[PDB]
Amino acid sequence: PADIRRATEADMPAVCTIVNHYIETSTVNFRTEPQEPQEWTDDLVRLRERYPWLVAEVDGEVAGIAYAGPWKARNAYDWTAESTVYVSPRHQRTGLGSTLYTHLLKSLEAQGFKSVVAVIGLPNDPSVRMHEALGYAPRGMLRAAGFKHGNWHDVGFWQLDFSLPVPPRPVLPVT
């Protein structure tokens, strides 16, 4: 049982703690330096009206986050979003990641986006199989795109497509 809701500035210290754990312990994230809560708050405020940012509360505690942002800052990409999801390392494999992402994707689809792209640092079987279970299709892979944790790691692109006409209408904000 998890309350899926919109992320607030008060959730960011907890979100920052979760993601920092994977930055240090895993190559799932290509950052090599932990983040501070305010950097997270800055991205949220800048993106939450235009892209969905969701947290999952469990027993009053933040147990995961799923958020979206722009793929690239050029206008033709405006209908292309990038998605991300992180679950606390003690609440994994309980369905929170899929529940968060399902809510994220329905918002993105209702808003009028064309597609959603996921950038997965490989290897990462849990994230690959979750994304492919929710309809993401493999699209590409850059070889040795990053050096983290003493090795070169490929990065893969997964994409989930929605149906839009020609021309597409400007996408709706979250509200």
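Residue numbers run from 1 along the displayed sequence.
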| Entry-level comparison of average CA B-factors, 123-131 and 57-65, reporting the higher stretch | 57-65
| query | If you average the Cα B factors in the entry, which is higher, 81-89 or 99-107? | reply | 99-107
| field | Top residue by Cα temperature factor, when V155, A14, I23, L160 are compared in the entry | value | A14
| query | According to the PDB entry, is the CA B factor of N29 in the bottom, middle or top third of its chain, that is, lowest, middle or highest? | reply | lowest
| Position of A144 among the chain's modelled residues by C-alpha B-factor, lowest, middle or highest third | middle
| remark: Assert third(CA B-factor, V116) within chain per record equals lowest
